[PDB]
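The chain that follows stands alone, in the form deposited without its partner chain, written as structure tokens.
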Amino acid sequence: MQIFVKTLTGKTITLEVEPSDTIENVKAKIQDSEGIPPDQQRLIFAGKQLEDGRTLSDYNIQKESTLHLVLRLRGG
């Protein structure tokens, strides 16, 4: 199973994952790849912010699904 993590700046990271992987595990992989701390990452799928303790299967994320990645909105 691969999924795509897509930024709004046109960069897509391809990750190898399992349905039982948690969002924490996915964020850890994004940190390894791009150096973004997990607490700064916002992942969105199905219009939902994905939470660290839930699994890909919890959100019904499928093979070759794309997840949006943006940063946490700071500075307000």
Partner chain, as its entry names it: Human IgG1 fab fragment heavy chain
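Numbering follows the first chain given and starts at 1.
Worksheet item: Averaging C-alpha B-factors over each stretch, which comes out higher, 15 to 23 or 61 to 69?
Response: It is 15 to 23 that shows the higher mean C-alpha B-factor.
Item to complete: Compare the C-alpha B factor of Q40 with those of the other modelled residues in its chain, then answer lowest, middle or highest third.
Response: Middle third, going by the recorded CA B-factors of the chain.
Fill in: Record-listed C-alpha B factor of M1: chain third
As the PDB entry reports it, the C-alpha B-factor of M1 lands in the highest third of its chain.
Discussion item. Per the entry's values, where does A46 land by CA temperature factor relative to the rest of its chain, in the lowest, middle or highest third?
Written reply: It belongs to the highest third of the chain when residues are ordered by C-alpha B-factor.
Another form, the form solved in complex with its partner chain, is not on view; read the next lines as being about it.
Discussion item. Can you tell me if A28 lies within 4.5 angstroms of its partner chain in the bound PDB entry, counting non-hydrogen atoms only?
Written reply: It does not: once its partner chain is placed as it appears in the bound PDB entry, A28 has no heavy atom within 4.5 Å of it.
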